[PDB]
>>> print(open('target22.pdb').read())   # PDB, C-alpha atoms
ATOM      1  CA  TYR C  22    -111.633 -38.697 149.079  1.00  0.00           C
ATOM      2  CA  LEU C  23    -114.225 -35.962 148.414  1.00  0.00           C
ATOM      3  CA  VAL C  24    -113.564 -34.347 151.817  1.00  0.00           C
ATOM      4  CA  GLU C  25    -111.153 -35.250 154.621  1.00  0.00           C
ATOM      5  CA  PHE C  26    -110.254 -33.687 157.934  1.00  0.00           C
ATOM      6  CA  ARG C  27    -108.705 -34.492 161.322  1.00  0.00           C
ATOM      7  CA  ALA C  28    -111.334 -35.325 163.963  1.00  0.00           C
ATOM      8  CA  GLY C  29    -111.960 -37.663 166.897  1.00  0.00           C
ATOM      9  CA  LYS C  30    -115.146 -39.636 167.371  1.00  0.00           C
ATOM     10  CA  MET C  31    -117.438 -40.358 170.314  1.00  0.00           C
ATOM     11  CA  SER C  32    -119.388 -43.403 171.428  1.00  0.00           C
ATOM     12  CA  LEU C  33    -122.282 -44.167 173.707  1.00  0.00           C
ATOM     13  CA  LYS C  34    -120.910 -45.892 176.801  1.00  0.00           C
ATOM     14  CA  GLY C  35    -124.185 -47.149 178.286  1.00  0.00           C
ATOM     15  CA  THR C  36    -126.229 -43.958 178.637  1.00  0.00           C
ATOM     16  CA  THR C  37    -123.191 -41.692 178.247  1.00  0.00           C
ATOM     17  CA  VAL C  38    -121.784 -39.946 175.157  1.00  0.00           C
ATOM     18  CA  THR C  39    -118.047 -40.374 175.680  1.00  0.00           C
ATOM     19  CA  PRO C  40    -115.326 -38.811 173.529  1.00  0.00           C
ATOM     20  CA  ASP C  41    -112.826 -41.260 172.040  1.00  0.00           C
ATOM     21  CA  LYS C  42    -109.284 -39.955 172.658  1.00  0.00           C
ATOM     22  CA  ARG C  43    -107.752 -41.317 169.429  1.00  0.00           C
ATOM     23  CA  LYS C  44    -106.421 -39.202 166.577  1.00  0.00           C
ATOM     24  CA  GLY C  45    -108.854 -39.767 163.710  1.00  0.00           C
ATOM     25  CA  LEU C  46    -109.717 -38.818 160.182  1.00  0.00           C
ATOM     26  CA  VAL C  47    -113.244 -38.141 158.936  1.00  0.00           C
ATOM     27  CA  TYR C  48    -113.565 -38.568 155.174  1.00  0.00           C
ATOM     28  CA  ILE C  49    -116.223 -38.907 152.511  1.00  0.00           C
ATOM     29  CA  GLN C  50    -115.623 -41.240 149.571  1.00  0.00           C
ATOM     30  CA  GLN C  51    -117.780 -42.065 146.547  1.00  0.00           C
ATOM     31  CA  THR C  52    -117.554 -45.725 145.527  1.00  0.00           C
ATOM     32  CA  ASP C  53    -117.941 -47.112 142.015  1.00  0.00           C
ATOM     33  CA  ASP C  54    -121.609 -47.952 142.654  1.00  0.00           C
ATOM     34  CA  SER C  55    -122.013 -44.120 142.964  1.00  0.00           C
ATOM     35  CA  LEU C  56    -122.849 -44.374 146.682  1.00  0.00           C
ATOM     36  CA  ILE C  57    -121.508 -41.845 149.199  1.00  0.00           C
ATOM     37  CA  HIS C  58    -119.766 -43.162 152.332  1.00  0.00           C
ATOM     38  CA  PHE C  59    -119.166 -41.035 155.436  1.00  0.00           C
ATOM     39  CA  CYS C  60    -116.186 -42.672 157.213  1.00  0.00           C
ATOM     40  CA  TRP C  61    -114.029 -42.417 160.319  1.00  0.00           C
ATOM     41  CA  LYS C  62    -110.502 -43.894 160.333  1.00  0.00           C
ATOM     42  CA  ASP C  63    -108.149 -44.442 163.298  1.00  0.00           C
ATOM     43  CA  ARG C  64    -104.930 -42.646 162.236  1.00  0.00           C
ATOM     44  CA  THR C  65    -102.667 -44.835 164.428  1.00  0.00           C
ATOM     45  CA  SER C  66    -103.919 -48.263 163.281  1.00  0.00           C
ATOM     46  CA  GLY C  67    -105.176 -47.182 159.850  1.00  0.00           C
ATOM     47  CA  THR C  68    -108.411 -49.051 160.535  1.00  0.00           C
ATOM     48  CA  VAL C  69    -111.696 -47.699 159.178  1.00  0.00           C
ATOM     49  CA  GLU C  70    -114.111 -48.150 162.111  1.00  0.00           C
ATOM     50  CA  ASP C  71    -117.154 -46.302 160.781  1.00  0.00           C
ATOM     51  CA  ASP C  72    -118.492 -46.439 157.219  1.00  0.00           C
ATOM     52  CA  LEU C  73    -122.017 -45.097 156.660  1.00  0.00           C
ATOM     53  CA  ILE C  74    -123.802 -44.847 153.318  1.00  0.00           C
ATOM     54  CA  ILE C  75    -125.594 -41.503 153.252  1.00  0.00           C
ATOM     55  CA  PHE C  76    -128.199 -40.293 150.740  1.00  0.00           C
ATOM     56  CA  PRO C  77    -129.114 -36.655 150.065  1.00  0.00           C
ATOM     57  CA  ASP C  78    -131.302 -35.157 152.804  1.00  0.00           C
ATOM     58  CA  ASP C  79    -130.581 -38.036 155.250  1.00  0.00           C
ATOM     59  CA  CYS C  80    -128.225 -35.946 157.388  1.00  0.00           C
ATOM     60  CA  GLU C  81    -127.103 -32.537 158.477  1.00  0.00           C
ATOM     61  CA  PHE C  82    -123.625 -31.922 159.925  1.00  0.00           C
ATOM     62  CA  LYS C  83    -123.642 -29.052 162.409  1.00  0.00           C
ATOM     63  CA  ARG C  84    -121.639 -27.451 165.215  1.00  0.00           C
ATOM     64  CA  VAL C  85    -122.898 -28.226 168.747  1.00  0.00           C
ATOM     65  CA  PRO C  86    -123.218 -24.642 170.094  1.00  0.00           C
ATOM     66  CA  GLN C  87    -123.089 -25.110 173.861  1.00  0.00           C
ATOM     67  CA  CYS C  88    -119.731 -26.975 173.938  1.00  0.00           C
ATOM     68  CA  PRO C  89    -117.149 -24.548 175.360  1.00  0.00           C
ATOM     69  CA  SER C  90    -114.328 -25.896 173.133  1.00  0.00           C
ATOM     70  CA  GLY C  91    -116.415 -24.990 170.075  1.00  0.00           C
ATOM     71  CA  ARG C  92    -114.849 -28.065 168.392  1.00  0.00           C
ATOM     72  CA  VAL C  93    -117.739 -30.527 168.660  1.00  0.00           C
ATOM     73  CA  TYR C  94    -119.911 -31.324 165.604  1.00  0.00           C
ATOM     74  CA  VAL C  95    -122.850 -33.674 165.161  1.00  0.00           C
ATOM     75  CA  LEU C  96    -123.963 -35.694 162.168  1.00  0.00           C
ATOM     76  CA  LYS C  97    -127.716 -35.711 162.774  1.00  0.00           C
ATOM     77  CA  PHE C  98    -130.043 -38.039 160.933  1.00  0.00           C
ATOM     78  CA  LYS C  99    -133.326 -36.394 159.991  1.00  0.00           C
ATOM     79  CA  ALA C 100    -135.236 -39.690 160.313  1.00  0.00           C
ATOM     80  CA  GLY C 101    -134.886 -41.474 163.705  1.00  0.00           C
ATOM     81  CA  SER C 102    -132.769 -38.792 165.446  1.00  0.00           C
ATOM     82  CA  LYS C 103    -129.657 -41.023 165.268  1.00  0.00           C
ATOM     83  CA  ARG C 104    -126.620 -38.834 166.053  1.00  0.00           C
ATOM     84  CA  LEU C 105    -122.863 -39.244 165.690  1.00  0.00           C
ATOM     85  CA  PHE C 106    -120.564 -36.799 167.443  1.00  0.00           C
ATOM     86  CA  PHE C 107    -117.090 -35.717 166.365  1.00  0.00           C
ATOM     87  CA  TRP C 108    -114.516 -33.328 167.727  1.00  0.00           C
ATOM     88  CA  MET C 109    -112.219 -31.366 165.415  1.00  0.00           C
ATOM     89  CA  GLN C 110    -108.536 -32.179 165.879  1.00  0.00           C
ATOM     90  CA  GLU C 111    -106.807 -29.607 163.651  1.00  0.00           C
ATOM     91  CA  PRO C 112    -104.891 -27.400 166.192  1.00  0.00           C
ATOM     92  CA  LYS C 113    -106.250 -24.091 164.874  1.00  0.00           C
ATOM     93  CA  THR C 114    -110.006 -23.641 164.548  1.00  0.00           C
ATOM     94  CA  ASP C 115    -109.940 -21.559 161.336  1.00  0.00           C
ATOM     95  CA  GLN C 116    -111.072 -24.327 159.016  1.00  0.00           C
ATOM     96  CA  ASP C 117    -113.735 -26.001 161.204  1.00  0.00           C
ATOM     97  CA  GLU C 118    -116.699 -24.249 159.654  1.00  0.00           C
ATOM     98  CA  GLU C 119    -115.388 -24.818 156.123  1.00  0.00           C
ATOM     99  CA  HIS C 120    -114.942 -28.541 156.801  1.00  0.00           C
ATOM    100  CA  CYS C 121    -118.549 -28.574 158.074  1.00  0.00           C
ATOM    101  CA  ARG C 122    -119.791 -26.825 154.897  1.00  0.00           C
ATOM    102  CA  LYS C 123    -117.893 -29.296 152.717  1.00  0.00           C
ATOM    103  CA  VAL C 124    -119.440 -32.248 154.558  1.00  0.00           C
ATOM    104  CA  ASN C 125    -122.981 -30.980 153.936  1.00  0.00           C
ATOM    105  CA  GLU C 126    -122.160 -30.277 150.271  1.00  0.00           C
ATOM    106  CA  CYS C 127    -120.743 -33.744 149.649  1.00  0.00           C
ATOM    107  CA  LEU C 128    -123.637 -35.534 151.368  1.00  0.00           C
ATOM    108  CA  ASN C 129    -126.493 -33.528 149.946  1.00  0.00           C
ATOM    109  CA  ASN C 130    -124.755 -33.191 146.539  1.00  0.00           C
TER     110      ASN C 130
END
>>> encode(input="target22.pdb", output="structure tokens")
Amino acid sequence: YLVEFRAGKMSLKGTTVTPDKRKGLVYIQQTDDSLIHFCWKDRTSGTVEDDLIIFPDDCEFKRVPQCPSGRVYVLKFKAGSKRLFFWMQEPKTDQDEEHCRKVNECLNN
């Protein structure tokens, strides 16, 4: 994996963005066709539930500022305003911003 870190996901439940409680792993992998996949894996089951091919400039990964936990990040698509939300699961917050920087580097490089 190019980048990996502990994080939960969220889903739209009707109109409502709803955090998924499961322990998860976000990772980015380059496949042998040279494409870049942004993925989310359920740590308990091992199942990869999300696998998105991302090209440079498609996305920006960013902290969501108004969340009091400070742990919520969004993968925002520049075309269509599609958004995927994640919440950091490492117990200390020290590495959150570095994980975020590494995501943007891997996707845009």
>>> closest_residue(input="target22.pdb", among="C:130, C:68, C:125, C:87", to="residue 45 of chain C", atoms="only C-alpha atoms")
C:68
>>> resolve_selection(input="target22.pdb", expression="the PyMOL selection byres ((chain C and resi 74-81) around 9)", output="MDAnalysis selection string")
chainID C and resid 56:60 72:73 82:83 95:100 124:125 127:130
>>> closest_residue(input="target22.pdb", among="C:120, C:113, C:64, C:104", to="residue 31 of chain C", atoms="all atoms listed in the file")
C:104
>>> atom_distance(input="target22.pdb", atom1="atom CA of residue 88 of chain C", atom2="atom CA of residue 61 of chain C")
21.4 Å
>>> closest_residue(input="target22.pdb", among="C:48, C:92, C:62, C:122", to="residue 108 of chain C", atoms="all atoms listed in the file")
C:92
>>> closest_residue(input="target22.pdb", among="C:121, C:89, C:50, C:30", to="residue 63 of chain C", atoms="only C-alpha atoms")
C:30
>>> atom_distance(input="target22.pdb", atom1="atom CA of residue 109 of chain C", atom2="atom CA of residue 22 of chain C")
17.9 Å
>>> resolve_selection(input="target22.pdb", expression="the PyMOL selection byres ((chain C and resi 40) around 12)", output="tab-separated table (two decimals) with C-alpha atoms, in the coordinates of the input")
chain	number	residue	atom	x	y	z
C	28	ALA	CA	-111.33	-35.33	163.96
C	29	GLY	CA	-111.96	-37.66	166.90
C	30	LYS	CA	-115.15	-39.64	167.37
C	31	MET	CA	-117.44	-40.36	170.31
C	32	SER	CA	-119.39	-43.40	171.43
C	33	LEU	CA	-122.28	-44.17	173.71
C	34	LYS	CA	-120.91	-45.89	176.80
C	37	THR	CA	-123.19	-41.69	178.25
C	38	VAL	CA	-121.78	-39.95	175.16
C	39	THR	CA	-118.05	-40.37	175.68
C	41	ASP	CA	-112.83	-41.26	172.04
C	42	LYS	CA	-109.28	-39.96	172.66
C	43	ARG	CA	-107.75	-41.32	169.43
C	44	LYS	CA	-106.42	-39.20	166.58
C	45	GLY	CA	-108.85	-39.77	163.71
C	92	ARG	CA	-114.85	-28.06	168.39
C	93	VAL	CA	-117.74	-30.53	168.66
C	94	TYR	CA	-119.91	-31.32	165.60
C	105	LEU	CA	-122.86	-39.24	165.69
C	106	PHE	CA	-120.56	-36.80	167.44
C	107	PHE	CA	-117.09	-35.72	166.36
C	108	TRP	CA	-114.52	-33.33	167.73
C	109	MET	CA	-112.22	-31.37	165.42
>>> atom_distance(input="target22.pdb", atom1="atom CA of residue 119 of chain C", atom2="atom CA of residue 26 of chain C")
10.4 Å
>>> closest_residue(input="target22.pdb", among="C:67, C:118, C:112, C:86", to="residue 46 of chain C", atoms="all atoms listed in the file")
C:67
>>> axis_aligned_box(input="target22.pdb", around="segment 113-123 of chain C", padding_each_side="5 Å", output="lines of an AutoDock Vina configuration file")
center_x = -113.0
center_y = -25.4
center_z = 158.8
size_x = 23.5
size_y = 17.7
size_z = 22.2
>>> closest_residue(input="target22.pdb", among="C:114, C:102, C:51, C:36", to="residue 24 of chain C", atoms="all atoms listed in the file")
C:51
>>> build_atoms(input="target22.pdb", residues="segment 77-103 of chain C", atoms="N, CA, C and O atoms", output="PDB file, in the coordinates of the input")
ATOM      1  N   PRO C  77    -128.774 -38.058 149.876  1.00  0.00           N
ATOM      2  CA  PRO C  77    -129.114 -36.655 150.065  1.00  0.00           C
ATOM      3  C   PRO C  77    -130.336 -36.470 150.966  1.00  0.00           C
ATOM      4  O   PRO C  77    -131.309 -37.237 150.880  1.00  0.00           O
ATOM      5  N   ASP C  78    -130.244 -35.486 151.847  1.00  0.00           N
ATOM      6  CA  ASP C  78    -131.302 -35.157 152.804  1.00  0.00           C
ATOM      7  C   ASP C  78    -131.425 -36.113 154.002  1.00  0.00           C
ATOM      8  O   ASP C  78    -132.250 -35.882 154.875  1.00  0.00           O
ATOM      9  N   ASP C  79    -130.588 -37.158 154.072  1.00  0.00           N
ATOM     10  CA  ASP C  79    -130.581 -38.036 155.250  1.00  0.00           C
ATOM     11  C   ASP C  79    -130.086 -37.298 156.498  1.00  0.00           C
ATOM     12  O   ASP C  79    -130.609 -37.503 157.604  1.00  0.00           O
ATOM     13  N   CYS C  80    -129.063 -36.460 156.303  1.00  0.00           N
ATOM     14  CA  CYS C  80    -128.225 -35.946 157.388  1.00  0.00           C
ATOM     15  C   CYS C  80    -127.978 -34.456 157.289  1.00  0.00           C
ATOM     16  O   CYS C  80    -128.008 -33.868 156.202  1.00  0.00           O
ATOM     17  N   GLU C  81    -127.690 -33.849 158.436  1.00  0.00           N
ATOM     18  CA  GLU C  81    -127.103 -32.537 158.477  1.00  0.00           C
ATOM     19  C   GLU C  81    -125.914 -32.604 159.433  1.00  0.00           C
ATOM     20  O   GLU C  81    -126.033 -33.184 160.504  1.00  0.00           O
ATOM     21  N   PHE C  82    -124.795 -32.009 159.045  1.00  0.00           N
ATOM     22  CA  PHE C  82    -123.625 -31.922 159.925  1.00  0.00           C
ATOM     23  C   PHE C  82    -123.606 -30.508 160.480  1.00  0.00           C
ATOM     24  O   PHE C  82    -123.735 -29.531 159.717  1.00  0.00           O
ATOM     25  N   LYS C  83    -123.472 -30.364 161.796  1.00  0.00           N
ATOM     26  CA  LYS C  83    -123.642 -29.052 162.409  1.00  0.00           C
ATOM     27  C   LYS C  83    -122.793 -28.906 163.659  1.00  0.00           C
ATOM     28  O   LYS C  83    -122.557 -29.886 164.375  1.00  0.00           O
ATOM     29  N   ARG C  84    -122.337 -27.690 163.940  1.00  0.00           N
ATOM     30  CA  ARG C  84    -121.639 -27.451 165.215  1.00  0.00           C
ATOM     31  C   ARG C  84    -122.619 -27.612 166.385  1.00  0.00           C
ATOM     32  O   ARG C  84    -123.785 -27.244 166.275  1.00  0.00           O
ATOM     33  N   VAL C  85    -122.129 -28.174 167.492  1.00  0.00           N
ATOM     34  CA  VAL C  85    -122.898 -28.226 168.747  1.00  0.00           C
ATOM     35  C   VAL C  85    -122.594 -26.954 169.572  1.00  0.00           C
ATOM     36  O   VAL C  85    -121.515 -26.833 170.134  1.00  0.00           O
ATOM     37  N   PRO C  86    -123.558 -25.999 169.617  1.00  0.00           N
ATOM     38  CA  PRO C  86    -123.218 -24.642 170.094  1.00  0.00           C
ATOM     39  C   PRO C  86    -122.772 -24.534 171.552  1.00  0.00           C
ATOM     40  O   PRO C  86    -121.901 -23.716 171.883  1.00  0.00           O
ATOM     41  N   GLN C  87    -123.363 -25.328 172.429  1.00  0.00           N
ATOM     42  CA  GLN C  87    -123.089 -25.110 173.861  1.00  0.00           C
ATOM     43  C   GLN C  87    -121.787 -25.746 174.393  1.00  0.00           C
ATOM     44  O   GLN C  87    -121.484 -25.650 175.583  1.00  0.00           O
ATOM     45  N   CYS C  88    -120.997 -26.363 173.513  1.00  0.00           N
ATOM     46  CA  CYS C  88    -119.731 -26.975 173.938  1.00  0.00           C
ATOM     47  C   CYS C  88    -118.690 -25.883 174.013  1.00  0.00           C
ATOM     48  O   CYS C  88    -118.431 -25.226 172.988  1.00  0.00           O
ATOM     49  N   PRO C  89    -118.100 -25.647 175.213  1.00  0.00           N
ATOM     50  CA  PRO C  89    -117.149 -24.548 175.360  1.00  0.00           C
ATOM     51  C   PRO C  89    -115.936 -24.593 174.434  1.00  0.00           C
ATOM     52  O   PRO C  89    -115.395 -23.532 174.116  1.00  0.00           O
ATOM     53  N   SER C  90    -115.506 -25.782 174.014  1.00  0.00           N
ATOM     54  CA  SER C  90    -114.328 -25.896 173.133  1.00  0.00           C
ATOM     55  C   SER C  90    -114.658 -25.320 171.751  1.00  0.00           C
ATOM     56  O   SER C  90    -113.765 -24.863 171.018  1.00  0.00           O
ATOM     57  N   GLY C  91    -115.936 -25.372 171.399  1.00  0.00           N
ATOM     58  CA  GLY C  91    -116.415 -24.990 170.075  1.00  0.00           C
ATOM     59  C   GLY C  91    -115.990 -25.966 168.980  1.00  0.00           C
ATOM     60  O   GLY C  91    -116.218 -25.688 167.788  1.00  0.00           O
ATOM     61  N   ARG C  92    -115.423 -27.116 169.362  1.00  0.00           N
ATOM     62  CA  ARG C  92    -114.849 -28.065 168.392  1.00  0.00           C
ATOM     63  C   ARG C  92    -115.758 -29.240 168.090  1.00  0.00           C
ATOM     64  O   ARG C  92    -115.430 -30.057 167.233  1.00  0.00           O
ATOM     65  N   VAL C  93    -116.876 -29.346 168.806  1.00  0.00           N
ATOM     66  CA  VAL C  93    -117.739 -30.527 168.660  1.00  0.00           C
ATOM     67  C   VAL C  93    -118.807 -30.327 167.585  1.00  0.00           C
ATOM     68  O   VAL C  93    -119.489 -29.297 167.573  1.00  0.00           O
ATOM     69  N   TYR C  94    -118.937 -31.318 166.700  1.00  0.00           N
ATOM     70  CA  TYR C  94    -119.911 -31.324 165.604  1.00  0.00           C
ATOM     71  C   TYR C  94    -120.750 -32.597 165.676  1.00  0.00           C
ATOM     72  O   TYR C  94    -120.299 -33.618 166.208  1.00  0.00           O
ATOM     73  N   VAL C  95    -121.974 -32.518 165.185  1.00  0.00           N
ATOM     74  CA  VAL C  95    -122.850 -33.674 165.161  1.00  0.00           C
ATOM     75  C   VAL C  95    -123.311 -33.941 163.741  1.00  0.00           C
ATOM     76  O   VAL C  95    -123.646 -33.008 162.997  1.00  0.00           O
ATOM     77  N   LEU C  96    -123.320 -35.221 163.396  1.00  0.00           N
ATOM     78  CA  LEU C  96    -123.963 -35.694 162.168  1.00  0.00           C
ATOM     79  C   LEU C  96    -125.325 -36.181 162.634  1.00  0.00           C
ATOM     80  O   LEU C  96    -125.424 -37.189 163.342  1.00  0.00           O
ATOM     81  N   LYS C  97    -126.373 -35.440 162.271  1.00  0.00           N
ATOM     82  CA  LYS C  97    -127.716 -35.711 162.774  1.00  0.00           C
ATOM     83  C   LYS C  97    -128.537 -36.276 161.639  1.00  0.00           C
ATOM     84  O   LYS C  97    -128.566 -35.701 160.543  1.00  0.00           O
ATOM     85  N   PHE C  98    -129.169 -37.410 161.905  1.00  0.00           N
ATOM     86  CA  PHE C  98    -130.043 -38.039 160.933  1.00  0.00           C
ATOM     87  C   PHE C  98    -131.445 -37.474 161.102  1.00  0.00           C
ATOM     88  O   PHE C  98    -131.962 -37.377 162.222  1.00  0.00           O
ATOM     89  N   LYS C  99    -132.034 -37.073 159.983  1.00  0.00           N
ATOM     90  CA  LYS C  99    -133.326 -36.394 159.991  1.00  0.00           C
ATOM     91  C   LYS C  99    -134.458 -37.360 160.305  1.00  0.00           C
ATOM     92  O   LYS C  99    -135.510 -36.947 160.817  1.00  0.00           O
ATOM     93  N   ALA C 100    -134.235 -38.647 160.036  1.00  0.00           N
ATOM     94  CA  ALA C 100    -135.236 -39.690 160.313  1.00  0.00           C
ATOM     95  C   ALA C 100    -134.727 -40.693 161.364  1.00  0.00           C
ATOM     96  O   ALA C 100    -133.861 -41.526 161.066  1.00  0.00           O
ATOM     97  N   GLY C 101    -135.263 -40.593 162.585  1.00  0.00           N
ATOM     98  CA  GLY C 101    -134.886 -41.474 163.705  1.00  0.00           C
ATOM     99  C   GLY C 101    -134.075 -40.796 164.802  1.00  0.00           C
ATOM    100  O   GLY C 101    -133.851 -41.375 165.873  1.00  0.00           O
ATOM    101  N   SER C 102    -133.635 -39.570 164.531  1.00  0.00           N
ATOM    102  CA  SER C 102    -132.769 -38.792 165.446  1.00  0.00           C
ATOM    103  C   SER C 102    -131.486 -39.529 165.920  1.00  0.00           C
ATOM    104  O   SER C 102    -130.959 -39.257 167.018  1.00  0.00           O
ATOM    105  N   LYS C 103    -130.994 -40.452 165.090  1.00  0.00           N
ATOM    106  CA  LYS C 103    -129.657 -41.023 165.268  1.00  0.00           C
ATOM    107  C   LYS C 103    -128.669 -39.864 165.184  1.00  0.00           C
ATOM    108  O   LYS C 103    -128.843 -38.967 164.362  1.00  0.00           O
TER     109      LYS C 103
END
